[PDB]
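**Q** got a sequence here, can you model it:
(chains A and B, ligands or ions: 5)
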Amino acid sequence: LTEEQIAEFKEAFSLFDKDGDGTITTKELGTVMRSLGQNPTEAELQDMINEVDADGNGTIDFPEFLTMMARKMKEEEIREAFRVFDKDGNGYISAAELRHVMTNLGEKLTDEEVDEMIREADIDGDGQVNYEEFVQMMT
Amino acid sequence: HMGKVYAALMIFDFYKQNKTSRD
Ligand SMILES: [Ca+2]
Ligand SMILES: [Ca+2]
Ligand SMILES: [Ca+2]
Ligand SMILES: [Ca+2]
Ligand code: NI
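**A** Residues are numbered from 1 along each chain as shown, chains lettered A, B, ... in the order given. Ligands and ions are numbered 1, 2, ... in the order given. This is the structure:
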């Protein structure tokens, strides 16, 4: 593990943890899932948590949050993720599209930050993320 | 920097793994 990627995990944890109390609840999961176009049920949210709830307190702490990520790490889902960003359906995530999603997740980003992000996932250098580039990132 | 999106999407996808279809 590197410092930078600890920080990124930490930023992500914070996207979910809207009230900043250090724990992620089903409500906070639901809220993020819905901001990404999904419509989870109470039961689905509880299942997700239950899967990695090592201490049985019903909420997600930082290591459990990493454990969620580790599990998923162990395609059709990637096409769907992709569509969340590629809102005009044109096959390319632009910087503005990336920004729109980040804003709907409540994240405040400088123009430069958004471009940095596109630039990291961009592989061919055309300045956008296409589908195969989104796959590599999810992979 | 794009790391945080990657992680949100992992949780996003973990949710998908845990779906139950229609009543
Ligand atoms: Ca919280
Ligand atoms: Ca817990
Ligand atoms: Ca597009
Ligand atoms: Ca590209
Ligand atoms: Ni920066």
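**Q** leaving out chain neighbours, which residue sits closest to residue A:86?
**A** Excluding the flanking residues, the one nearest residue A:86 by C-beta to C-beta, 6 or more residues apart in numbering or on different chains is residue A:93, at 5.3 Å. All C-beta atoms are positioned from the backbone trio N, CA, C, and that covers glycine.
**Q** now swap in residue A:22 and tell me
**A** residue A:61 (7.2 Å).
**Q** from ligand 4, how far off is the one you found?
**A** 36 Å (C-beta to the ion, to the nearest Å).
**Q** check which helices and strands the one helix or strand residue A:69 maps to sits against.
**A** Using DSSP states H and E, residue A:69 sits in helix A:62-73. Counting contacts by 3 or more C-beta pairs under 8 Å, 6 or more residues apart in numbering or on different chains; DSSP states H and E, helix A:62-73 packs against helix A:3-16, helix A:42-52, helix B:3-17.
**Q** please name the residues that touch the residue nearest to residue A:22.
**A** A:22-23, A:55 (C-beta atoms under 8 Å, 6 or more residues apart in numbering or on different chains).
**Q** coming back round to it: could I get the helices and strands packed on helix A:62-73 in CSV, plus columns for distance to ligand 4 and mean neighbour count?
**A** Output for the helices and strands packed on helix A:62-73, formatted as CSV (distance: least, C-beta to the ion, whole Å; neighbours: other C-beta atoms under 10 Å in any protein chain shown):
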stretch, distance to ligand 4, mean neighbour count
helix A:3-16, 21, 16
helix A:42-52, 32, 16
helix B:3-17, 15, 21
